[PDB]
């Protein structure tokens, strides 16, 4: 495939498990999704929440274990990827050239939205990684425009990946164990239909249109990486669903999308 992706980083517990389909999908990334080695990777992280777009600019990525109450082994994982400082500067220029602000963090490593799926996709940790934050108090259209500014990166060998959670309710939302709560089916299906239809404006305006977005994304920070990845695919991309699974609690969903460009930018 070519283009950009919206993936789910999933449950860190899957590191210890054998039968999680999302992990199998991620492990097969280089065989089934992206054959060609990318020059660098831009991860739009649901777990880096800022006021204005921010990008990290480091030579070596720390591994940030920003998650609570997991088993000890999870905190010993190191994903020793190189940073991507030139990619970071290029993201800052592209955003500013489009009239958007962008700040640069020269210390922050990768949070688990980045390193956790990447350690399955690219276990050799030899691809330069740069993370981009989301701005959860801004709307879907903001995030789409951040991505649109970034689409020239596609012709430069950059793999752009939004890392979120397609259905990501509050911890207080009751479970439907080993099933799928109908509200979550409804939201997931609406989103799939909007994307496969090419109704990308609807996706940007999900708050006005999507059923049960209040349950699926009370904060939205796990959805907004989709808008950035979608915008980064340029005008009129074609979307396809490349993985779907659900957590055993029946209310977290991992629908995964590829956005294939049909247009390009100037020489």
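Residue numbers count along the first chain shown, from 1.
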Comparing 211 to 219 with 31 to 39, the higher average Cα temperature factor in the PDB entry belongs to 31 to 39
Comparing mean C-alpha B factor in the record for 196 to 204 and 44 to 52, the higher one is 196 to 204
Based on the PDB entry, the highest CA temperature factor among the options 167, 114, 160, 149 is that of 149
Tertile call for residue 177 (CA temperature factor, within chain, third-based) is the highest
Binned into thirds over the chain's modelled residues, the C-alpha B-factor of residue 120 lands in the lowest
By the entry's values, the third containing the CA B factor of residue 60 is the middle
So, residue 109's CA B-factor, relative to its chain, sits in which third? The lowest
The third of the chain into which the C-alpha temperature factor of residue 8 falls is the lowest
